[PDB]
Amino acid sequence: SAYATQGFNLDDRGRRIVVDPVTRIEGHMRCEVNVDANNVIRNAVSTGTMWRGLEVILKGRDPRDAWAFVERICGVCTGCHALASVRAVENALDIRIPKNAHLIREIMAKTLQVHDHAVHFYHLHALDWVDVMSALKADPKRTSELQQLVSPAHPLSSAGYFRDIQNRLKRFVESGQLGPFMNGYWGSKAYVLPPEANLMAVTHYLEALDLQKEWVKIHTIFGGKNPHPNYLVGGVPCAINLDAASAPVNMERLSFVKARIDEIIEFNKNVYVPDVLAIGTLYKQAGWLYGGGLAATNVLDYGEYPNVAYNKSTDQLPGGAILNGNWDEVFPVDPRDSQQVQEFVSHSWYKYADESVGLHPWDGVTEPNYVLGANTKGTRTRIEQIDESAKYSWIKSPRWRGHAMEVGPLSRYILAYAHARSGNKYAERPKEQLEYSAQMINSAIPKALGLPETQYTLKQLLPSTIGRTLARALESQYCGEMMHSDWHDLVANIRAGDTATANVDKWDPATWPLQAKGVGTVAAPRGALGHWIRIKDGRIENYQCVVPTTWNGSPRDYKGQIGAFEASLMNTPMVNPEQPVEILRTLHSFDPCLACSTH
């Protein structure tokens, strides 16, 4: 029925709306909401609709093989699970990897961040902000003028170029076979962009689709292939030789990588960040500041990208936890502490001995229990309306010291901003990006477009669907900049005479302690990722993953506290409750990865 939690007044008496499948995500999700007399969402229900059981499958296998299994949790955030796995095994066995392996892993991680973020925004998210049919009405000359205002440095800006792109779209649509645009919500009043902005965005959608395949060639060089590049416990397999054409890594290969990094930097600076700033400005002007959810109070990240390896104080995206919207106090987060990260299954399709408690992942349990509540409409194999008072999702409910947290690029940027305000110098660049962005959104872009200047603070702008989308773009840019530096450090280290790529001292399990436990954490594209392993007599005894979309998409916990997705949808008006435009726009701002969330 109705109850209050975390400042939200949940009420399920209104009209029930079902969105199944939620499309333009990775994997499978069902979303249900209730709307009031004025089409405002007053209840939201997040249902993960898939499970594979990787945690169960890993039992008894060799820890050195684990990375390849868990990599297949997700082909979108491809490699982040492999990284978490090798880190967890290295932690369990006290293995320190050499400098070149560290830098190569960081470059692969930051390449994934950029590819994942840019593809998400253009190919999954943009159609929630952009009306492709409106782009057909655009004047190519005014689109060229907009492009030159939005991003002066982007060379692809002529009226003729935009006309050609428009004409291809026109012919595609006029064929009667609309493909990915079929049955879309085009013409909804939820869309506010002018035709020229729509054409600009669709043009960049097509540019990004062609360019994204180039960026991943960095993974291919270091890891053999993309998706699913290879990793290694103890280092990297891509051995180095300069003097050499039959080594995985030589100077020509490194020069190739640098050429790709430079292309990435240009795309982020000239295409991606400016588009998000421009679209964000126009939706801000429309007053669409919904979707803040838990970002306004509680955010978490483990912290990542130490500029000195194994020295967490040097994290370039410094982490921790913020509670109650107090940005003056960042709490330290310890993934080894049994009282911090815990998972509940009270409203999930699993079972524990006692479901009134949350388990730390070293003590985690994954036993499936697909059962539906008494208030379900439909049957076990034909659900009409899911019963959120009972078990309603394949996603577990992770909490931090019992608190529900939002994770992701937005969480990392709020944390970075908080750290920077307390004197942390490693967070200077994200702070600079945020201040630059607020000035662009409030003053510069409005002035260029003849719109009124606004005075929103970062504390006001960031906790919103617009802010969540912005943070992703800024993070992409920051990651591109960081791996540019990593490349220089890698080459410098190799030229100084250190060619080491793997520590094999503890490769053989005859060298291992007879039991051990370890944890590996990663700032994955969607937020805080952790793998927790227990090893016994050379084998995996327990392996538990808590993944970013597990946090964000989580169902309610034992106390009935809602997770980030459900909180973000609350109190959002819908133009038409039968067209899920606003639901998709906000859910997509989290970049939901459902295969990840359930594993």
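Numbers follow the displayed sequence, beginning with 1.
- Across the other entries compared, none leave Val130 without coordinates where the residues on each side are present, so it is far from a third.
- Of the other structures of this protein that model both sides of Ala244, a third or more give it no coordinates.
- According to the entry, the deposited sequence places 1 to 3 unmodelled residues between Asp243 and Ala244.
- Between 527 to 535 and 32 to 40, the higher mean Cα B-factor belongs to 32 to 40.
- On average the C-alpha atoms of 152 to 160 have higher B-factors than those of the other stretch, with 190 to 198 and 152 to 160 being the two compared.
- Take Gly234, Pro237, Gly287, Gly520 and read off each C-alpha B-factor from the entry; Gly287 has the highest.
- Out of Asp334, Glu453, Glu343, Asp315, it is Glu453 whose C-alpha atom has the highest B-factor in the PDB entry.
- Per the deposited record, the Cα B-factor of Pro368 falls in the middle third when ranked against the other modelled residues of its chain.
- The deposited CA B-factor of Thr511 belongs to the highest third of values across its chain.
- Per the PDB record, residue ranking by Cα B-factor puts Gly280 in the middle third of the chain.
- Per-chain ranking of the deposited C-alpha B factor places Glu481 in the middle third.
- In the deposited entry, the Cα temperature factor of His588 sits in the bottom third of values across the chain's modelled residues.
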